[PDB]
Amino acid sequence: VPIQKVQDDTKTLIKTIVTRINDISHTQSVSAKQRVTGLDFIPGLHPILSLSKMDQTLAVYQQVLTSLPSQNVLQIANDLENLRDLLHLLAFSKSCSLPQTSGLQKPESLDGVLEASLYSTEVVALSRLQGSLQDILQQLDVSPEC
Amino acid sequence: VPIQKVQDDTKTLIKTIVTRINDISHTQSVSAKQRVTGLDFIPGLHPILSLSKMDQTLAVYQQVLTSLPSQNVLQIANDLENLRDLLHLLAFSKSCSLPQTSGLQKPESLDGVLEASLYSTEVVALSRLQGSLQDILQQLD
Amino acid sequence: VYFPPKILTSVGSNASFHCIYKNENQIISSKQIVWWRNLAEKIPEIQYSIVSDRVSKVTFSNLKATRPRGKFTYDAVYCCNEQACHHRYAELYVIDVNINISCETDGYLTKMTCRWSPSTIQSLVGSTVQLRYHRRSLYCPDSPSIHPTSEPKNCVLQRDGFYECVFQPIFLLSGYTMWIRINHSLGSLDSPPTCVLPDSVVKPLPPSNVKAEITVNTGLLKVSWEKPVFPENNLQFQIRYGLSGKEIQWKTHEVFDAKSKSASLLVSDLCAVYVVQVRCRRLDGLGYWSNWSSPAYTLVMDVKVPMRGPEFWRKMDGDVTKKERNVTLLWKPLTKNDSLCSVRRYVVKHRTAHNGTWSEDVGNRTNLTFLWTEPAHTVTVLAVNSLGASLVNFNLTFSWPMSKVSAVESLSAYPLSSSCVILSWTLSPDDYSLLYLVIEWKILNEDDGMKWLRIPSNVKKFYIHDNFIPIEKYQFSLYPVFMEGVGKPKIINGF
Amino acid sequence: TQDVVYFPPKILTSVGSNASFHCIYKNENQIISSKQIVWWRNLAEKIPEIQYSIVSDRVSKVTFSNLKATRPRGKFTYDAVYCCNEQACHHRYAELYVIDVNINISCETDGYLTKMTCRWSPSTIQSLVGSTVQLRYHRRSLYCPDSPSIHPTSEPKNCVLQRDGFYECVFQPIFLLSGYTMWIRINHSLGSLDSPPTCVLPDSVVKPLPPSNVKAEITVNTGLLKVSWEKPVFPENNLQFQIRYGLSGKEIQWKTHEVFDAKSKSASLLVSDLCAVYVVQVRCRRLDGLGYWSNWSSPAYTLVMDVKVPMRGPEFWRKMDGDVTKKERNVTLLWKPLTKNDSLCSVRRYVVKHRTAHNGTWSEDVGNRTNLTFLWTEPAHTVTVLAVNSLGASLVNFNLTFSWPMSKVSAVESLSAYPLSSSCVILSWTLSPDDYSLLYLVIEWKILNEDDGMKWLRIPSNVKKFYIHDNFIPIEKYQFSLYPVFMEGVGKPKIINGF
């Protein structure tokens, strides 16, 4: 499989996930000013540059999403695991080996914060994932490092 | 009833019977050259001449058909008994007063081969009775 | 003595058999065994084999589907000595297994719907069907294969005779290897495996917000539509358009540009209602075509003004001694070529030396009656639609001095038949600026069977086609026309 | 007891049957003498005295005969007969129920000889409330008996009413030659009644399937439609076939015919037209008359084919295009399509054969065109137009020759035109006394100054006066040309302009 086709498919999945996040966000009209403490475990909007960090932060987001009781969020997590598969495929295409991000311990704060606010955590996680995923789409255009 | 009508009606019946066996046996075309064991009690290997032999043989064909569970075969057995009644009346018309002794069947091999070789039983029965019907057709004149 | 007594296999394989013939208390050699199927065909010796002196082996090849023979679903094969056959036999079963599976992706990318029909299975009673699948996280391989780890799928037989299989939620980029599993009392078989990628079978939603319009002053059928939501927006669009009526003569146009939201098409008639529908599929051609969009209907507006003002003629009622004479203007509705789409109102313009010019909106009427008093009066009828009046309009000037001018020298009428009459005339040699000539005719003593026709001044011989009754007397009048007004007409009665 | 005693009180009987009642009328405390008692039916019809019978001084009897079916009267399905002292009718009555036992039995046997179906109409049983319908049949070993009768032992059989309002029930398996005696049995609180039983032989009510593999064609040389078919497999007895044929269109005016020889699987019938498409259907039934017609066959369409070579060649003429001084002259041959009689069915192509003394003879295929233009260069040139269908050219064809030397031979002496009307003009002429072997004459006319008002007519050489029927306009000037035609070519024509 040509590397260009893999990159195009990854961009397709980026666009589709951004679209579905927008679709659920339209149904969830939440003020962005709601500052909820204890959410430091969700990756922040920071410059993400190399593919290893892509896989790591996406696995973190998927673990956060998997804990949400929403079925659409579950299918989003399915899309995230598929996108990790394609990120690893891109890693093989560039002769780089992403570390197997299977050792992320389940965040102990998930149980304490989801019970406090399932809905607000879902909203903020979706927003931060969407922003990070546009960050990825921009980086994928500029040949991100390993 | 006049005898000529009896005769022509019998001819019509027997040719209907052979046409029916032909139009059913088309799906079961067989080679008469092959001989099977255990079916000696099914006749048809000899020419048929006299009244009593016809009656006994057709009673045998009756009983062997009755053992077979097919609706078409049910109608065939019905027609066989019809033509047996016809031949009994024809014998009465021949002005021969011979006592009518019929029956005398010992069909346990019938049951064994029935539970053994259903397909073989039906095909050999139809073929042999078909041949016997043509032979008695020639003998009829 | 048979081994084995019954065999299961599918179309396209070989076969092998073993027989031991037992007669009385003796066993014959295998060199005399004669094989037969259905007691009707002697199997060629080349298919036979002698593995042992007492065992006869027969091998088949490329076995074909069996044709049902009454209640039986199998054929009986017989291993016989010479012509002596044992009553026992074997059993064979073939069954067709090649079954096609039809799947579609919903337009909302939530569910997988697979369908298939058990028609080939209907001939077997006692057989139980189960659908077995294995999903690959990667894409489908070139050669689908039955994976050892398979899963059962529940499918509902619909009224159509097809089983429908609903899978949800979905994984578009995951390969889905599929094959049918049948389970009879004698065992189980499998259909040829197939793998389907959900992305490749997407049927998009029908296009939305289909708006049809004929662009003004151009006559181009412009359509605007809203694109249904799709990944990459890589959609190939198909537009069908046709006349609005009992039968829509649908014409089609394709829009290759996936970025195009509106397009314009030429139409022959600018004044007809049209029906347009749009369907879309993936730009690469994969998946299905979407449902045809809702029909958009064009509204009949006036794209342009009428092209020519109606041709009109006057009727003179009023005594000759009277200077004031009422004038009745007679014109006709514009044709669809002249009215374009419609004529909304008739406005008759006037021209005088003293009162100057003015116009009278006659409305939808094709007649306007007015009094004539001034020596010089020019008139002109205009046809006005929603966009304005017509461009080219006929003028007609009335003059007292010019009416006394006699420009027609001779006149002759010749009836060709009840359907045609020849008109003959000779002009005066004077250099009259004849614009044209008006043949004006009616039945004598009839004041309402009135007819007239303009002809160019260059014509010398003219033919009139009408229902002419020879008994009736016809009055014929030809009028010379100029800048200043009409000259003195030539009038004859009869032929 | 009661003041009025009807014994038996209620009676059920059939049409035409005889029934009788008895009354004992008590008025107040006195029993009315039987001689003072009058009967009344539904209190609307007094029963006549002649039917009165006296059992005793207190018991009087009336015996209805040849009874007719009771007409339902609103909610009353019975005829109420009243025991009346003269005019004193007591409010109670006896109820008489009369039904028509004549229920026709319609039976059918399929062409497969495996299903027996029968129907009957319940058209009279509605007038009996609470009546239970049942079919009872009995099988005779062989044949139906001479006089049908109800067997003491019979077998009930359920039958179903369909939307047609008829009762439906069948038999399977069936006895081919066993008499079936059946009847309709009714059951009610007043007893049971039976229809007059009829016996049916299953073999006499058999109708077959339509005969298949019917083919139709037109005989090329004779002209009779050739049709072949195949008898249905069952029944095997000799059958008679009826054949119907007609034209193709919205309506078909069929014509009927029958064949009696069963052995004949082919037929031939006279026709009126050959080049149209006919439709034909056949049906079969037993020769003796037993059974029924087998509906009809599927419609069949014939194929139009050129039956024979065209019967005559087309009549043709020529147009001179070329100066008199020029020796080479264009010759535009002009003819018309063959009529249905002349073309028979079709003319596939026009082949114009030529003949010269130098180039011999050759033919030109003009296709479907009715005109042909060629240059005249030889002094002698014979031309013959051939109409060719699929089978070949036409048998006898018209010949025309062109010759420079005899083109100066003037054979026509006079030429006069007389207009009868706008629709007819007389042509009159006198001939030269020379012994000219004139084949025929050609009348060629046009409107003067009109180059496309070409019209022409060939007329026999023996004619001396001719009448032309065409739309003539007296105003227009007409040029008239009469051409003397000989074996060697066409002679010098005579030309006049106008009348």
# chains A, B, ... in the order shown; residues from 1 in each chain; ligands from 1
>>> interface_residues(of="chain B", to="chain C", cutoff="8 Å", atoms="only C-alpha atoms", output="PyMOL selection string")
chain B and resi 27-31+33-38+113+116-117+120
>>> select_by_dssp(residues="stretch 377-472 of chain C", states="helix (DSSP H, G or I)", output="list in words")
residues 400, 401, 402 and 403 of chain C
>>> residues_around(residues="stretch 138-140 of chain B", least_positions_apart="5", cutoff="12 Å", atoms="only C-alpha atoms", output="number ranges by chain")
B: 7-8, 10-11, 14-15, 47-51, 54, 87, 90, 131-133
>>> write_last_selection(atoms="C-alpha atoms", output="PDB file, in the first residue's frame")
ATOM      1  CA  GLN B   7     -64.042 -55.663 -24.739  1.00  0.00           C
ATOM      2  CA  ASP B   8     -63.441 -52.169 -26.108  1.00  0.00           C
ATOM      3  CA  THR B  10     -61.127 -53.108 -21.347  1.00  0.00           C
ATOM      4  CA  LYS B  11     -58.825 -52.206 -24.237  1.00  0.00           C
ATOM      5  CA  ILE B  14     -55.375 -51.104 -20.403  1.00  0.00           C
ATOM      6  CA  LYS B  15     -53.982 -48.587 -22.870  1.00  0.00           C
ATOM      7  CA  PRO B  47     -45.942 -65.511 -21.329  1.00  0.00           C
ATOM      8  CA  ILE B  48     -49.471 -65.330 -19.941  1.00  0.00           C
ATOM      9  CA  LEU B  49     -52.205 -67.432 -21.546  1.00  0.00           C
ATOM     10  CA  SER B  50     -55.153 -68.443 -19.353  1.00  0.00           C
ATOM     11  CA  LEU B  51     -57.792 -66.757 -17.214  1.00  0.00           C
ATOM     12  CA  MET B  54     -53.985 -63.708 -15.166  1.00  0.00           C
ATOM     13  CA  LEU B  87     -61.501 -59.582 -16.505  1.00  0.00           C
ATOM     14  CA  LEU B  90     -65.160 -61.206 -19.132  1.00  0.00           C
ATOM     15  CA  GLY B 131     -44.259 -55.795 -19.918  1.00  0.00           C
ATOM     16  CA  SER B 132     -47.035 -58.107 -18.737  1.00  0.00           C
ATOM     17  CA  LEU B 133     -49.636 -55.557 -19.839  1.00  0.00           C
TER      18      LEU B 133
END
>>> closest_residue(among="C:13, C:236, C:417, C:352", to="chain D", atoms="only C-alpha atoms")
C:417
>>> residues_around(residues="stretch 22-35 of chain D", least_positions_apart="3", cutoff="10 Å", atoms="only C-alpha atoms", output="tab-separated table (two decimals) with C-alpha atoms, in the first residue's frame")
chain	number	residue	atom	x	y	z
D	1	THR	CA	-104.67	-28.97	24.56
D	2	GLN	CA	-105.55	-25.63	22.96
D	3	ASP	CA	-108.70	-24.23	21.35
D	4	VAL	CA	-107.11	-24.97	17.95
D	5	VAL	CA	-104.98	-28.11	17.59
D	6	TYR	CA	-102.90	-28.69	14.45
D	7	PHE	CA	-101.70	-32.28	14.22
D	8	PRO	CA	-99.07	-32.51	12.90
D	9	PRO	CA	-98.35	-28.86	13.78
D	38	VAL	CA	-112.63	-22.83	6.73
D	39	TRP	CA	-108.88	-22.84	6.07
D	49	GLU	CA	-114.05	-26.41	-0.11
D	52	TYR	CA	-111.85	-30.10	2.45
D	53	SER	CA	-112.07	-33.62	3.86
D	54	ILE	CA	-113.84	-34.77	7.02
D	55	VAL	CA	-112.10	-37.29	9.26
D	56	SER	CA	-114.75	-37.03	12.00
D	57	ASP	CA	-117.42	-34.67	13.29
D	58	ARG	CA	-114.65	-32.73	15.08
D	59	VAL	CA	-111.61	-33.52	12.88
D	60	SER	CA	-111.51	-31.96	9.41
D	61	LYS	CA	-108.66	-32.55	6.98
D	62	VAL	CA	-107.20	-30.66	4.02
D	63	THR	CA	-104.65	-32.34	1.76
D	82	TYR	CA	-105.06	-21.03	9.54
D	83	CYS	CA	-107.90	-23.08	11.03
D	84	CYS	CA	-110.85	-20.70	10.81
D	85	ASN	CA	-114.46	-21.01	11.95
D	86	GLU	CA	-116.10	-19.58	8.82
D	88	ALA	CA	-113.30	-16.56	12.76
D	89	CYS	CA	-109.57	-17.17	12.33
D	90	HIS	CA	-107.68	-18.02	15.50
D	93	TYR	CA	-101.52	-21.43	12.54
D	94	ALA	CA	-99.70	-24.38	11.03
>>> residues_around(residues="residue A:101", least_positions_apart="4", cutoff="12 Å", atoms="only C-alpha atoms", output="ChimeraX atom specification")
/A:51-60,62-63,81,84-85,88,97,105
>>> write_last_selection(atoms="N, CA and C atoms", output="mmCIF file, in the first residue's frame")
data_model
loop_
_atom_site.group_PDB
_atom_site.id
_atom_site.type_symbol
_atom_site.label_atom_id
_atom_site.label_comp_id
_atom_site.auth_asym_id
_atom_site.auth_seq_id
_atom_site.Cartn_x
_atom_site.Cartn_y
_atom_site.Cartn_z
ATOM 1 N N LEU A 51 4.982 11.452 15.923
ATOM 2 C CA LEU A 51 3.932 10.444 15.813
ATOM 3 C C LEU A 51 3.780 9.643 17.102
ATOM 4 N N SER A 52 4.870 9.480 17.855
ATOM 5 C CA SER A 52 4.780 8.781 19.135
ATOM 6 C C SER A 52 3.844 9.510 20.089
ATOM 7 N N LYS A 53 3.972 10.838 20.177
ATOM 8 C CA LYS A 53 3.033 11.607 20.982
ATOM 9 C C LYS A 53 1.620 11.539 20.418
ATOM 10 N N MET A 54 1.471 11.484 19.089
ATOM 11 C CA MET A 54 0.146 11.283 18.511
ATOM 12 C C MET A 54 -0.501 10.028 19.079
ATOM 13 N N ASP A 55 0.213 8.902 19.003
ATOM 14 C CA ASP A 55 -0.338 7.636 19.475
ATOM 15 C C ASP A 55 -0.611 7.682 20.973
ATOM 16 N N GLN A 56 0.313 8.265 21.743
ATOM 17 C CA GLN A 56 0.139 8.317 23.193
ATOM 18 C C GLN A 56 -1.094 9.127 23.580
ATOM 19 N N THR A 57 -1.211 10.355 23.063
ATOM 20 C CA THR A 57 -2.337 11.198 23.447
ATOM 21 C C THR A 57 -3.649 10.630 22.921
ATOM 22 N N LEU A 58 -3.618 9.968 21.761
ATOM 23 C CA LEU A 58 -4.855 9.414 21.230
ATOM 24 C C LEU A 58 -5.298 8.212 22.054
ATOM 25 N N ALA A 59 -4.344 7.401 22.520
ATOM 26 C CA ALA A 59 -4.683 6.310 23.424
ATOM 27 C C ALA A 59 -5.251 6.840 24.733
ATOM 28 N N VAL A 60 -4.673 7.926 25.255
ATOM 29 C CA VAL A 60 -5.211 8.538 26.471
ATOM 30 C C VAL A 60 -6.651 8.990 26.245
ATOM 31 N N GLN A 62 -8.795 7.902 23.989
ATOM 32 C CA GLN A 62 -9.656 6.737 23.807
ATOM 33 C C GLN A 62 -9.990 6.087 25.141
ATOM 34 N N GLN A 63 -9.008 5.998 26.039
ATOM 35 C CA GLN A 63 -9.275 5.480 27.377
ATOM 36 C C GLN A 63 -10.263 6.372 28.120
ATOM 37 N N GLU A 81 -9.226 3.742 17.851
ATOM 38 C CA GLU A 81 -8.339 2.578 17.784
ATOM 39 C C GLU A 81 -7.968 2.279 16.334
ATOM 40 N N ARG A 84 -5.281 4.725 15.500
ATOM 41 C CA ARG A 84 -3.999 4.249 16.021
ATOM 42 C C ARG A 84 -3.405 3.183 15.115
ATOM 43 N N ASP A 85 -4.248 2.284 14.600
ATOM 44 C CA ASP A 85 -3.759 1.300 13.640
ATOM 45 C C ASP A 85 -3.127 1.983 12.430
ATOM 46 N N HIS A 88 0.237 3.623 13.339
ATOM 47 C CA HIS A 88 1.298 2.622 13.366
ATOM 48 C C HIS A 88 1.671 2.178 11.955
ATOM 49 N N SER A 97 9.415 3.049 14.782
ATOM 50 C CA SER A 97 8.658 2.133 15.625
ATOM 51 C C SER A 97 8.046 2.906 16.784
ATOM 52 N N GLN A 105 -1.781 3.073 32.570
ATOM 53 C CA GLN A 105 -2.632 2.706 33.691
ATOM 54 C C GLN A 105 -3.923 3.510 33.652
#
>>> residues_around(residues="stretch 376-379 of chain D", least_positions_apart="2", cutoff="9 Å", atoms="only C-alpha atoms", output="VMD selection string")
chain D and resid 327 to 331 356 to 358 374 381 402 to 405
>>> write_last_selection(atoms="N, CA, C and O atoms", output="PDB file, in the first residue's frame")
ATOM      1  N   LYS D 327     -26.512  15.550 -79.220  1.00  0.00           N
ATOM      2  CA  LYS D 327     -26.765  14.140 -79.487  1.00  0.00           C
ATOM      3  C   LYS D 327     -26.919  13.334 -78.205  1.00  0.00           C
ATOM      4  O   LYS D 327     -27.733  12.405 -78.166  1.00  0.00           O
ATOM      5  N   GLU D 328     -26.161  13.665 -77.163  1.00  0.00           N
ATOM      6  CA  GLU D 328     -26.315  13.065 -75.847  1.00  0.00           C
ATOM      7  C   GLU D 328     -27.481  13.727 -75.125  1.00  0.00           C
ATOM      8  O   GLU D 328     -27.508  14.951 -74.964  1.00  0.00           O
ATOM      9  N   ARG D 329     -28.441  12.914 -74.691  1.00  0.00           N
ATOM     10  CA  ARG D 329     -29.676  13.419 -74.110  1.00  0.00           C
ATOM     11  C   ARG D 329     -29.998  12.641 -72.846  1.00  0.00           C
ATOM     12  O   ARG D 329     -30.013  11.407 -72.856  1.00  0.00           O
ATOM     13  N   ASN D 330     -30.250  13.361 -71.755  1.00  0.00           N
ATOM     14  CA  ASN D 330     -30.580  12.722 -70.489  1.00  0.00           C
ATOM     15  C   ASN D 330     -31.981  12.130 -70.555  1.00  0.00           C
ATOM     16  O   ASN D 330     -32.901  12.744 -71.103  1.00  0.00           O
ATOM     17  N   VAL D 331     -32.139  10.936 -69.993  1.00  0.00           N
ATOM     18  CA  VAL D 331     -33.399  10.203 -70.011  1.00  0.00           C
ATOM     19  C   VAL D 331     -33.764   9.868 -68.574  1.00  0.00           C
ATOM     20  O   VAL D 331     -33.174   8.963 -67.971  1.00  0.00           O
ATOM     21  N   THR D 356     -29.064  -2.554 -75.846  1.00  0.00           N
ATOM     22  CA  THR D 356     -28.496  -1.798 -76.948  1.00  0.00           C
ATOM     23  C   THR D 356     -27.941  -2.774 -77.975  1.00  0.00           C
ATOM     24  O   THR D 356     -27.689  -3.944 -77.681  1.00  0.00           O
ATOM     25  N   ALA D 357     -27.759  -2.276 -79.198  1.00  0.00           N
ATOM     26  CA  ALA D 357     -27.138  -3.090 -80.236  1.00  0.00           C
ATOM     27  C   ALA D 357     -25.643  -3.256 -79.990  1.00  0.00           C
ATOM     28  O   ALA D 357     -25.047  -4.247 -80.425  1.00  0.00           O
ATOM     29  N   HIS D 358     -25.024  -2.301 -79.296  1.00  0.00           N
ATOM     30  CA  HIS D 358     -23.583  -2.327 -79.073  1.00  0.00           C
ATOM     31  C   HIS D 358     -23.218  -2.841 -77.683  1.00  0.00           C
ATOM     32  O   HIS D 358     -22.469  -3.815 -77.558  1.00  0.00           O
ATOM     33  N   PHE D 374     -30.667   8.605 -66.958  1.00  0.00           N
ATOM     34  CA  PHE D 374     -29.490   8.145 -67.679  1.00  0.00           C
ATOM     35  C   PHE D 374     -29.371   8.903 -68.993  1.00  0.00           C
ATOM     36  O   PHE D 374     -30.325   9.525 -69.467  1.00  0.00           O
ATOM     37  N   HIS D 381     -31.848   1.985 -78.277  1.00  0.00           N
ATOM     38  CA  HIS D 381     -31.716   1.662 -76.858  1.00  0.00           C
ATOM     39  C   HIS D 381     -33.062   1.174 -76.342  1.00  0.00           C
ATOM     40  O   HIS D 381     -34.021   1.949 -76.279  1.00  0.00           O
ATOM     41  N   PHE D 402     -35.739   3.737 -77.827  1.00  0.00           N
ATOM     42  CA  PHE D 402     -35.481   5.082 -78.324  1.00  0.00           C
ATOM     43  C   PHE D 402     -34.669   4.990 -79.613  1.00  0.00           C
ATOM     44  O   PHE D 402     -33.680   4.254 -79.675  1.00  0.00           O
ATOM     45  N   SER D 403     -35.089   5.735 -80.638  1.00  0.00           N
ATOM     46  CA  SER D 403     -34.432   5.694 -81.941  1.00  0.00           C
ATOM     47  C   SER D 403     -34.363   7.097 -82.523  1.00  0.00           C
ATOM     48  O   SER D 403     -35.391   7.764 -82.660  1.00  0.00           O
ATOM     49  N   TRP D 404     -33.150   7.538 -82.863  1.00  0.00           N
ATOM     50  CA  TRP D 404     -32.994   8.831 -83.526  1.00  0.00           C
ATOM     51  C   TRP D 404     -33.688   8.904 -84.883  1.00  0.00           C
ATOM     52  O   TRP D 404     -34.421   9.882 -85.110  1.00  0.00           O
ATOM     53  N   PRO D 405     -33.503   7.957 -85.816  1.00  0.00           N
ATOM     54  CA  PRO D 405     -34.098   8.149 -87.154  1.00  0.00           C
ATOM     55  C   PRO D 405     -35.618   8.205 -87.152  1.00  0.00           C
ATOM     56  O   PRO D 405     -36.199   9.082 -87.804  1.00  0.00           O
TER      57      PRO D 405
END
>>> interface_residues(of="chain A", to="chain C", cutoff="12 Å", atoms="only C-alpha atoms", output="MDAnalysis selection string")
chainID A and resid 1 6 8:20 23 71:86 89
>>> closest_residue(among="D:487, D:174, D:103, D:438", to="chain B", atoms="only C-alpha atoms")
D:174
>>> closest_atom_pairs(of="chain D", to="chain B", cutoff="12 Å", atoms="only C-alpha atoms", output="CSV")
residue,atom,partner,partner_atom,distance
D:112,CA,B:20,CA,10.1
D:113,CA,B:20,CA,10.0
D:114,CA,B:75,CA,8.4
D:115,CA,B:75,CA,11.1
D:140,CA,B:82,CA,11.7
D:141,CA,B:82,CA,8.4
D:142,CA,B:82,CA,8.1
D:143,CA,B:1,CA,10.4
D:145,CA,B:1,CA,11.6
D:146,CA,B:1,CA,11.6
D:172,CA,B:75,CA,9.2
D:173,CA,B:75,CA,6.3
D:174,CA,B:75,CA,7.2
D:175,CA,B:78,CA,7.1
D:176,CA,B:79,CA,7.4
D:177,CA,B:82,CA,7.4
D:178,CA,B:82,CA,8.3
D:179,CA,B:82,CA,11.9
D:203,CA,B:13,CA,11.0
D:233,CA,B:19,CA,8.7
D:234,CA,B:16,CA,8.7
D:235,CA,B:16,CA,8.3
D:236,CA,B:16,CA,7.1
D:237,CA,B:12,CA,8.0
D:238,CA,B:12,CA,11.1
>>> residues_around(residues="residue C:152", least_positions_apart="4", cutoff="7 Å", atoms="only C-alpha atoms", output="MDAnalysis selection string")
chainID C and resid 130:133
>>> closest_atom_pairs(of="chain D", to="chain C", cutoff="10 Å", atoms="only C-alpha atoms", output="JSON lines")
{"residue": "D:473", "atom": "CA", "partner": "C:416", "partner_atom": "CA", "distance": 7.8}
{"residue": "D:474", "atom": "CA", "partner": "C:416", "partner_atom": "CA", "distance": 9.7}
{"residue": "D:475", "atom": "CA", "partner": "C:416", "partner_atom": "CA", "distance": 9.1}
>>> select_by_dssp(residues="stretch 32-233 of chain C", states="strand (DSSP E or B)", output="count of residues only")
87
>>> atom_distance(atom1="atom CA of residue D:50", atom2="atom CA of residue D:68")
18.8 Å
